[PDB]
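Residue numbers (the deposited numbering), protein chains in the order written: chain Z, 1759 to 1814, 1867 to 2436, 2492 to 2549; chain W, 8 to 324; chain H, 85 to 132; chain L, 1261 to 1407. For reference, the structure is listed below as structure tokens.
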Amino acid sequence: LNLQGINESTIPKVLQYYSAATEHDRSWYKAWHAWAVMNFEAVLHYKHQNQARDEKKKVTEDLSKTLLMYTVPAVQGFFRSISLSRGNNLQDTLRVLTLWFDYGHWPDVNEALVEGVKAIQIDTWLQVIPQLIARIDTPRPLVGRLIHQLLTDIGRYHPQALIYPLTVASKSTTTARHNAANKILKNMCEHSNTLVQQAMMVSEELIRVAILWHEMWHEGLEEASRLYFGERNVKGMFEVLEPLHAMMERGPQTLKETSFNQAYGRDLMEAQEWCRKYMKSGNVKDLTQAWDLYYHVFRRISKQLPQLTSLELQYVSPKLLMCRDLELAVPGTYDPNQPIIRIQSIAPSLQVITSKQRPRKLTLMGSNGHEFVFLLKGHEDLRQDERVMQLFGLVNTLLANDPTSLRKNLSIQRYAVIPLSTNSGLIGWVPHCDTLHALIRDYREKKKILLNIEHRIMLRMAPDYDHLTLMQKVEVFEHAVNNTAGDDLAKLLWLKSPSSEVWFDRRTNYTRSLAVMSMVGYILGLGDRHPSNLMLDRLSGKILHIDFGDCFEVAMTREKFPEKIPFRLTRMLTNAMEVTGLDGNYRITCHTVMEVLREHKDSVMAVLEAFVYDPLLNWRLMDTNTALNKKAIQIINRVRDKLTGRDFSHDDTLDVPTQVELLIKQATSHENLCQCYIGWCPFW
Amino acid sequence: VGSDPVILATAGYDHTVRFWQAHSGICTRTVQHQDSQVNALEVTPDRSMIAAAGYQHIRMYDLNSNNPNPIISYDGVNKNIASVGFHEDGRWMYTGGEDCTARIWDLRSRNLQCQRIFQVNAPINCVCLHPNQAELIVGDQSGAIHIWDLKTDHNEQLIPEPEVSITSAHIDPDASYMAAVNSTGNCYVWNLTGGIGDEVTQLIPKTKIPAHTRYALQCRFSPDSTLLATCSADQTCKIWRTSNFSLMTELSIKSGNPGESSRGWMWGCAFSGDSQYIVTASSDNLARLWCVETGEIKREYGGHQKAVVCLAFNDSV
Amino acid sequence: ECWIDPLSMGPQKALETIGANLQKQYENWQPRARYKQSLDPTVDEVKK
Amino acid sequence: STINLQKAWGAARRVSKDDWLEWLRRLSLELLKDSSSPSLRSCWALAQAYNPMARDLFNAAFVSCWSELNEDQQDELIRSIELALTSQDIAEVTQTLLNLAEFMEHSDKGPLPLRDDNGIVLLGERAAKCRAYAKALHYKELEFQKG
């Protein structure tokens, strides 16, 4: 394959070889994995050659026989390579899913899968419960029927792995998903029933906590004001507000909802009368009375919201206060090996974080006795973060397996992510952390240094900084960098550390962890890494990345304030490392991480392809664009080029040392840095 | 300003355009330029009105009358205007922007909209009209020089070095050599094949001069076409003789002291009417009238609050 | 304070709320009287 | 309250380990007795009975004293610190005074100026013989930053 390539003549040969290998060593894992992956590539090669030739009657019927000739070997092989690995079957199991979803509607592929699903252990599928439920409503009946039957048996053993994603699906807006989820829950109830009732309540109450009525009305009136006064979209304005009226038409379910309907509810209903009068009259004087009432309550809400520093369970949701010694386990703690750390009790106070989104700080008491703190984000879809955490899990596994990486103790710090709806969900709170922006703010206030000193110097030297040409920007940026000592993080890392011996260990961990997430972020495409989005562990020294909202080079794609920096390698971070510079720990660590990922490119590619192609996550790619399948294919191709090292130039392949060096130059280039949005803080 | 034979305008971030006098060094009159900086000035060959290319507006101020509002405010553009050309007949006006779309503007026509467009891949950093008035050289951030013909539209794309932003490029009045400059600090000289009707305009690479260590900013031949001044971010305005491509004189504005960071970039090189003197703007807010042969600051112009990015110089009788 | 936790409501709102409740409480005994609250007053404010 | 201190500074007649250890004990107890903050001054009696108590308050006694001193006593003290480290260095005494110099770096007052440059060369050489290679590295990085 390395000499010739993949084509019509090699595939029959390399199959003869891998088959012989399998014959001579049946038990050998690699012989089955290689045979399986080869068959699977023979499928996708003839599929993409069909679309290249046929798209661009008899040929599709021949393609049916042709791919099914290679599909049944692939399935049987992946199932056998799963049992042999017994703990490193992620790649193989996802490939089974990709094959099942694509071709499993065929009787022969279905049969092979049925026999396989029987043979394979049920613990293996727990890895890929997200990907299964993503296709819970597959239009193909023969596929969907076997999904249900598999989920059924995942319910009967390890139900804690299923209740959380099922409860989210059960309250999905689209009818087919929630129907399937309820039909599965109906079957789950017979085994336990107690778990289903508990999780359905807890999740409903957590959603109520996650977005209160006055918070929903606030975001709704903001959107409706932008539609009306901005765009002059009156019908779309009613589409924003009419769910909020139907929301209150349930009635006051808690004391907070009672006092809301008391104070505002009367005015909102009166404004709805003007809206319903406008619907059958069409007067400006009618609708202006409604906007007067809407802006009346909006201003009252806007005045209230800063005062809502904390929410008491007795008021916001007393159901959760009553909850004692629940069997439903703490989210993202369940392990089939460990004993279930079930929820003991919920604390009465919720320390509401004062941010733009106003996240909560949920904290649960475990049955083991340890507290578990969480972050309840509202209106921020967390399915991306969940998938990204699956990727980091894989990468940590790969680094553990590599001896060089293991010796260096390389790993990515990750945290639990548990979605609750399309809007809200729980994030696991990482302790002993604080954002880089906060650290620099507190250091500069201590040392009496102006927080925005670099920005102020720029605007002093050239007040039109935003509107300056590229060369002009580079001059101003460099003049600021030369006239500011960028050592704040290094200095504060020293002062914070109790002793030099600890400090050195903190700095070694910091440097290696940063390099690991620089390379991984580059491949994944993670942009928008301003200092508020990364936080530093004040004990271990490891860096943590949060808020992976932008992926697959969205920042580069967007016209406004495009980011040309692959990963954050600013001067302050460089100073925090060894005095010599990036040439030391950072460069050597990058080589090791890149080499391991390139060696295991197939595993990384398989995981990346599955979640990108998922229909639920297709929305992000469609928003990035300006069909959907073509855009996804291009993104996957770019990621593959990065792993090979042909990203910089397609014509010439680049070795790992050469590729790393080019990446460092681009990240540290003055011209690229200047373009970056000022909020990114290119000067820290 | 206008009635005086020599013109010497100056403008930068301070939103003014100060018209100096070369013989004295006194600010005759300023002109306001709000909403933006000025990226490139240009006196018209007719000398009736100066130009001032800025952000989303090419303004053109009067040279004869004093203290007037902008005569022309060509709007309808975005992402700045890097440079402005002028047709020697005085009818057509060229521009270049970061929108990767060259244009041509008919001053005589009252239409706000432009006339022709030459879209390219990467943002256009500099324009230069060929003296024959038939070819339009167009640099870009990717490195690709072009020659958009003004009659056949046959752009002959050319990349001296891959993936280096070419920042300026000039061609001497006798159409002998064409020089280009990139952010590395090289000076690619090209020998012009003698074609006018054929429009072959073949560019033969002569010498890559290793002019500066850091980013170079502007190059421009003299009207004599004997000297090639080359400015850079190293605070030195080198002057290369066209024949031998050697450094005849090095005009530097360095401190002469290691303890002085970012004194200011040098991006001005305007030869005198007879190539005896050379004006030079710097980011230290000061214009400097240098001497070509000796290398001495004859006069220094001060009074600009902010940096000085542009110059204008016109000795046309 | 006046059967109101001041730290629950935030500083400024709590002070207004306690003044309102205190008026009601007094209005149980003397409902027909002009009430005029002073909340962290100055000296002139008390004088006037 | 600087007669016994100046004897403990300009003695330098110690030709063994326990001699310098005795100098340390006398130095610590004199700083406690001196110390302006009475919470420390109260612990002087216990420190005489128990050696660990005296050593745990060493850095705090020093800072309390070193702030009161009107510069002249600071030079008298720093000169004595230089002599002790440079000549007749004892591992136990050294790592005490190295932990004092590190504690002084973390303080707002700033590092004690000894023989110029805050003794970036002396303390590095001394930490190297103490085999405190992380302190050695930190100090050697400060020297690299200067040149």
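We put the beta carbon where it would ideally sit given N, CA and C, even for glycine.
- Taken through DSSP and simplified to helix, strand or coil, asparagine 1808(Z) comes out as helix.
- The criterion of a C-beta distance shorter than 9 Å is satisfied by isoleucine 144(W) and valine 134(W).
- Between the beta-carbon of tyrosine 62(W) and that of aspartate 42(W) there is about 7 Å, and that keeps the pair under the 8 Å contact cut.
- In this structure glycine 2296(Z) touches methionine 2382(Z) by the C-beta definition: roughly 5 Å separates them, less than 8 Å.
- The beta carbon of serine 1261(L) sits closer than 7 Å to the beta carbons of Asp1294 from its chain, once the five residues preceding and following it are set aside; these are given in chain order.
- Contact with chain Z is found for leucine 1397(L), since one of that chain's Cβ atoms lies less than 9 Å from the residue's Cβ.
- By the criterion of a C-beta distance shorter than 8 Å, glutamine 28(W) is surrounded in its chain by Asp11, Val13, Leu15, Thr35, once the five residues flanking it on both sides are discounted.
- For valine 13(W), the three-state secondary structure derived from DSSP is coil.
- Look at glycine 1926(Z) here: in three-state DSSP terms it is helix.
- Restricting attention to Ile2111(Z), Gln2008(Z), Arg1950(Z), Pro1951(Z), the CA atom closest to the CA of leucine 1976(Z) is found in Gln2008(Z).
- A Cβ of chain L is located within less than 9 Å of the beta carbon of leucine 2305(Z).
- Per DSSP, the unbroken alpha helix (DSSP H) holding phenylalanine 2202(Z) starts and ends at 2193-2211.
- Proximity of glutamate 2409(Z) to chain H, defined by a Cβ-Cβ separation below 9 Å, is not satisfied.
- Counting the other CB atoms within 10 Å of its CB gives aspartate 2298(Z) a total of 16 or more, which places it among the buried residues.
- Taking a Cβ-Cβ cut-off of 8 Å, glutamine 1348(L) has no neighbours in chain Z, whose nearest Cβ is about 25 Å from it.
- Taken atom to atom, the span from the alpha-carbon of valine 91(W) to that of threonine 301(W) is near 32 Å.
- The beta carbon of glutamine 2167(Z) does not come within 9 Å of any beta carbon belonging to chain H, so the residue lies off that interface.
- Ranking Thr2068(Z), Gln2082(Z), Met2058(Z), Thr2064(Z) by CA distance to the CA of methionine 2047(Z) puts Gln2082(Z) first.
- One finds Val2389, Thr2390 in chain Z with Cβ atoms closer than 9 Å to the Cβ of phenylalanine 1404(L), taken in chain order.
- The closest CA to that of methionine 2089(Z), considering only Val2044(Z), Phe2108(Z), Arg2378(Z), is found on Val2044(Z).
- When the beta-carbon positions are compared, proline 2229(Z) and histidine 1968(Z) stay at least 9 Å from each other.
- Residue pairing by DSSP puts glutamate 2181(Z) in a beta bridge opposite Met2175(Z).
- For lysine 305(W), the three-state secondary structure derived from DSSP is strand.
- In this model, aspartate 1377(L) and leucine 1345(L) are separated by some 16 Å (Cα to Cα).
- The Cβ of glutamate 1385(L) sits no closer than 9 Å to any Cβ of chain Z.
- Listed in chain order, the beta strand (DSSP E) elements of length 3 or more contained wholly in the segment 17-96 of chain W are 24-27, 47-50, 57-60, 65-67, 79-81, 88-91.
- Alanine 1794(Z) is a Cβ neighbour of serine 1891(Z), given a cutoff of 9 Å.
- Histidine 177(W) carries a strand assignment under DSSP once its states are collapsed to helix, strand and coil.
- Minimum Cα-Cα distance from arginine 116(H) among the listed residues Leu91(H), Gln107(H), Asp128(H), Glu129(H) corresponds to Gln107(H).
- With respect to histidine 219(W), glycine 263(W) sits apart: the two C-beta atoms are not nearer than 9 Å.
- Residues of the segment 85-100 of chain H with a Cβ closer than 7 Å to any Cβ of chain Z, in chain order: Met93, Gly94, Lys97.
- Taking a 10 Å sphere around the C-beta of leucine 1923(Z), we find 16 or more other C-beta atoms and assign the residue as buried.
- Here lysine 2352(Z) is actually not in contact with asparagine 2385(Z); their C-beta atoms are around 18 Å apart, not less than 8 Å.
- For the segment 269-288 of chain W, the residues whose beta carbon sits under 7 Å from a beta carbon of chain Z are, in order, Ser269, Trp272.
- For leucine 2278(Z), the residues of chain W that pass the 7 Å Cβ criterion are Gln44, in the order they occur in the chain.
- The C-beta distance from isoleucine 1946(Z) to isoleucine 1957(Z) rounds to 7 Å, short enough to meet the 8 Å contact threshold.
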